[PDB]
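What follows is a single chain, given as structure tokens, in the form deposited in one PDB entry.
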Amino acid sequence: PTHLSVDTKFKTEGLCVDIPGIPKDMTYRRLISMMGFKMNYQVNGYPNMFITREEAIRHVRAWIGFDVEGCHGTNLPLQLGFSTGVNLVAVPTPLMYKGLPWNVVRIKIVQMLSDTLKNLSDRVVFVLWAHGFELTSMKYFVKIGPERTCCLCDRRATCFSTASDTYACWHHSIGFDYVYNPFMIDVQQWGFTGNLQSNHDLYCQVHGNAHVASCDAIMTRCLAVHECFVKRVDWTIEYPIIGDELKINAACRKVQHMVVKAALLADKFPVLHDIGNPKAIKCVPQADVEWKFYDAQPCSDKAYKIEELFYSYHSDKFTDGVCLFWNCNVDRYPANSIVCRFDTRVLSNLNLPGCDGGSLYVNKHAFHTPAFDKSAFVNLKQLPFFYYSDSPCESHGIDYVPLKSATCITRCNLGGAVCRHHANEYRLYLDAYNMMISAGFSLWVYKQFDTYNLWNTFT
């Protein structure tokens, strides 16, 4: 069972206010036909417009909440709302656009989806809380058929143009008017009691109902994200490379080793309490310190309470030595800590909007992260950039401009002049550090941390 069978039953109860008299007995096969689409017994890669929850989770980067609200259905104008925040008004003659005929509305839809998704996914998945009008309005902007490739490249086709009779992906669809072979999923098929707002508001106070189609579109995708990534966590699902994933992950490992190695050298803690990933390895394997591990999986709902991670009866005394929370999201870090905390507000192709202020960070695996909270860091300070190295000054083996920097903590800089080797390594480390900060990661440290204490490791 790779795809959702068209002969699967579709509960039509959510649809009978917009569509009175709808048959209770309904399949996807009959529903698609009623939506004005003909699938012609086609075995060409598009078995069903609707997909399973599992296929939706694999394609989370494609999710776009979609809601249609009748302003007045043949004679009435429709308000089309998308989880991008956009509201279009289609006439059959927070961004609010005035009423316009479908032929121009469909051009705006292709532009919006292509700009939102070209750097995220090879498709669109319309996330619905279906009541009727969203499904009946799809014939006005969607064309279906066999799976196709782009006219300008090797990617799959997501748009079609009636002006040129051609197909295009999200990158080459300027001037295209039809969404081609989109996917969709109705959240209302998952067995919920009550309406959209009552189920959304049980888990999220960040999205409100300003009573427009885009507000519902946002709540719909938010509730779908809560169900599939907050209260259900699957870290087995792999996701494609769409940006700087490999460099960001490599930078993270270099910054962790650098920052922990320097903290151990500058303050000589007898013990390190490593709280986080149960699969973690010693990031500074040559350090003299007693390394003690504590398992805690990445929290996807609310941040861990420090009182529950530490208390209720390990050295038992976490106040001895230093605590390392590398992506272990707690409500208030202890004063003796080294912390790496993902900033959920960061704008990037890897970070998708999430539930209750949190975000869905997708890098190889999907990780819903609780909202960034500045108050979690009151006992700590921001960790300044610095590069430390006790490696011998020796070139071995990229042209050179002399490096002058107060943050290159090396024997050569102490002795007056930075050597070529440490200058190349400094600039490579600064690049890795900047990559990690820009990816949304933030670094925090105990208030006594001072890089001045690293110069005396050169005696």
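Sequential numbering from 1, following the sequence displayed.
As for the form solved in complex with a small molecule, it is not shown, yet the points below apply to it.
- Between the small molecule and the residues 157, 124, 213, 224, the one pair within 4.5 Å by heavy atoms in the bound PDB entry involves 213.
- Contact annotation: of the candidates 109, 78, 128, 168, the single residue with a non-hydrogen atom within 4.5 angstroms of the small molecule in the bound PDB entry is 78.
- By the criterion of a heavy atom within 4.5 Å, residue 151 is excluded from the residues contacting the small molecule in the bound PDB entry.
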